[PDB]
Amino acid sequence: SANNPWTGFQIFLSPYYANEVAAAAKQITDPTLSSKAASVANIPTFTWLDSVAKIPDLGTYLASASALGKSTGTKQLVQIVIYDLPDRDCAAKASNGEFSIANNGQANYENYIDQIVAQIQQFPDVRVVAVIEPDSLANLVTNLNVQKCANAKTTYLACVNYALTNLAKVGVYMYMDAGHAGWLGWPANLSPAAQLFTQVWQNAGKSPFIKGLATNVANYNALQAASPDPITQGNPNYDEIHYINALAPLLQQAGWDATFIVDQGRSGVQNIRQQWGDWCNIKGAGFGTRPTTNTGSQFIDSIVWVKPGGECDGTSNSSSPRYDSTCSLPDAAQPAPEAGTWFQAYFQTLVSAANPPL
């Protein structure tokens, strides 16, 4: 729509990623590559609120952003991911999520949202953009035959609804996670996906703060591929622009003037996967197009970096109880540490293979 949340705003740079990057860059031995690595701390990323323990940091980021804006005469914008559903990651082998449906998951998740809202409420001069619950709704489209997902459906819908409804009250601009071209972009998945997203939008009152959808989060697809990646055979929507061009009109037709954001943080190198479903620490990935509202599409508000490159997707150690065997595949960089922890060699390659170059 006419209101692109990023226009006229300075994005607050994640202090946590900045510290990870600074520690990483000092370990890189080549001076030029080290300088390029250090500059990554100046590229805006999303901060993942993957547990209640992250909420105090959110409060500090909002207050820091408010003061930076006043000091520089700018309006500041903080980028967050809401990522703490009960029975999170229902189609994965295991999950690190602190809440379970069986132990008051709904109420605990609502309290997590309430704590986030209570922070955001205190800093009305800071804009907030939130990606809502990566993987969750996409799993409800294609993975209902996973019994954990089938059993989680009502909780996921109620929790996502609670998040949308209550974050809207503090004016947060929200993009529901919507998988990627190889997940929901298959032509046959577009209508079931559109029907689900539209129902979620309706249940949350069609708030204008529910801007649309986020795609490619934590994935590696091109926004606009020079030629189709071989993993995409059978799907005419072989990149994110094809997916979004196909899905956006279905949402519009339902009355939702929906726009999109697209993760490109690990999309600099294409044609690095054996299978489209391979998602874990894909070897040879490079940093991709840096965040910008110059997206080339009427449907896309911004290219963004949602998943922070260098933070691991999962361990390759089969003895870990958090182990997911996708993290031991051939196209997966190994050995790899636990999910979320820093993967230094992977970061160094992300820097070295960045496209455009850093």
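Between two forms, the rigid core is the largest collection of C-alphas that superpose within 1.5 Å. Numbering starts at 1 and runs along the sequence shown.
- For the pair 87-95 and 246-254, greater average C-alpha departure from the shown form in 4 other deposited structures of this protein after core alignment is found in 87-95.
- Annotation: of the segments 101-109 and 188-196, 101-109 departs further from this form in 4 other deposited structures of this protein (C-alpha atoms, root mean square over structures and residues, core superposition).
- Between the stretches 204-212 and 96-104, it is 96-104 that shows the larger average CA temperature factor.
- Between 225-233 and 175-183, it is 225-233 that carries the larger average Cα temperature factor according to the deposited entry.
- Of the residues listed, 119, 281, 275, 76, the entry assigns the biggest Cα temperature factor to 275.
- The PDB entry assigns the greatest CA B-factor among 42, 293, 318, 47 to 318.
- In this PDB entry, residue 314 carries a Cα temperature factor that places it within the highest third of its chain's modelled residues.
- Annotation for residue 26: CA B-factor lies in the highest third of the chain's modelled residues.
- Residue 355: CA B factor in the highest third of modelled residues in this chain (values from the PDB entry).
- When the modelled residues of the chain are ordered by their C-alpha B factor, residue 195 lands in the middle third.
- Per-chain ranking of the deposited C-alpha B factor places residue 135 in the middle third.
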